[PDB]
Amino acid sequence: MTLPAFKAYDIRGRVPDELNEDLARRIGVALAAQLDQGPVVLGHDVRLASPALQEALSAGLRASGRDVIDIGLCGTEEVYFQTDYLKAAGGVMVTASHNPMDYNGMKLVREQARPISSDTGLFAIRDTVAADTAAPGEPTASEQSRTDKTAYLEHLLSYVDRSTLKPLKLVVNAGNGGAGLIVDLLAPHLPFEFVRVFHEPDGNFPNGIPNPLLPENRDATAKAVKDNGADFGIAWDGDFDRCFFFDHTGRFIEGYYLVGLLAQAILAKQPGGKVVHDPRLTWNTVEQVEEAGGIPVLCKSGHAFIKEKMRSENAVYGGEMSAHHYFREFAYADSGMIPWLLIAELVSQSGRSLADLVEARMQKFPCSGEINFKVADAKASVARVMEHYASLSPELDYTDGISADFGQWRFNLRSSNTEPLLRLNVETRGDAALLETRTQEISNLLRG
């Protein structure tokens, strides 16, 4: 009974069935009424339908008297950065992120790149749009093109001490998304030697959709690292707000361990700061943050929750195990570019490889990775797990799903709201055998 494209935090649908130019134009009209006064930043990714959808959105916005700042082909974080930097009323990124070829969508922010979520105006937009039968007016406002990325590039470079960088050899895999454009603009300013895989933006995606979690995109990056003796490799999704790391042996690094590493890299520059993290996997982050003289702050997962928690806490850094990294100085927003700059600086300064930096943490806190279960009844499955372990008296916490701490091991179990789907994360204190038995034990209880 409601427009399916409108989800909890953004708009996502197949083109043109769930998302199309007419909906885009009506979203522009509706957005103009929810924002404070000021112009609106618009950007788009490499997908074939993205320019058209952005044009439709510009039309609806300008018909409603909003000036539009078109920043052209970009990553999502550039929309966040420019919205904040130009003191704009809001910003829209047109992007399908990592989704199949027939998909597109939008990420909406208001002033200072604050998220527009279902709680905070997205559903007011949905309702307005679903009720708008009126004819398209004419633009009574201007579209200015502002494709200069200089302020954004200078901001990125300010996170590192360039005199401390060594000439590392880095594999970069844009997946034919947008990240290669940024790498080429940064490269004149850095000592690194880049090895470019799937580099050119290409909305036909001849090498597969830009999703580095797909094993063939994983293997292309790992092979390039090994074949070229790179210090590490970096891959991004298509709008590059997510960054994934491969060490010099070609091993894919589970995102959990990057949270603690980036935290200690940041706390070295801004000592005593707060670090926000999500409850799925926690023990490594807490230890690394405290060892670096910081304070960890637990928060619900999901970018809307982490951003608002960082604002309220004046947190310097927040990280999710799912490759989302947020920085206070970047308008409390996520970037897929800052993380690898910080990692390259840490490797350069420490004389330790990325492999050695993480291997120590992996041995201390082995984790299962996120495991998904389609079940008949989420409530019954969860109850089966809780009843089975109740005699061990775990410490429970309900920040985000159920987290049960048993002393030597813990798990987090979250249920999707859109479907009967359970997501499981397990970790232990230095015990890989315990990790695997409990993971299989829970897997059995969840299934049967």
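Note that the rigid core is defined as the largest set of C-alphas that superpose within 1.5 Å between two forms. From 1 onward, residues are counted along the sequence shown.
Structural divergence in 8 other deposited structures of this protein between 420-428 and 14-22: following superposition by the core, 420-428 has C-alpha atoms lying farther from the shown form.
The stretch that moves more in 8 other deposited structures of this protein, judged by CA deviation after a rigid core superposition and choosing between 78-86 and 371-379, is 371-379. As listed in the deposited structure, the average C-alpha B-factor of 401-409 and of 387-395 is greater for 387-395. Of the two segments examined, 159-167 and 330-338, it is 159-167 that shows the higher average Cα temperature factor in the deposited entry. The PDB entry assigns its highest CA temperature factor, among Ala113, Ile71, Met101, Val289, to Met101. When the C-alpha B-factors of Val276, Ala134, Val259, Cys243 are read from the PDB record, the largest value belongs to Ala134. Residue-level temperature factors show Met106 in the middle third of its chain, judged at the C-alpha atom. In the deposited entry, the Cα temperature factor of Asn173 sits in the bottom third of values across the chain's modelled residues. Sort the modelled residues of the chain by CA B factor and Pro39 lands in the middle third. Sort the chain's modelled residues by C-alpha temperature factor and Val426 lands in the lowest third, per the entry. The entry lists a Cα temperature factor for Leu186 that places it in the lowest third of the chain's modelled residues.
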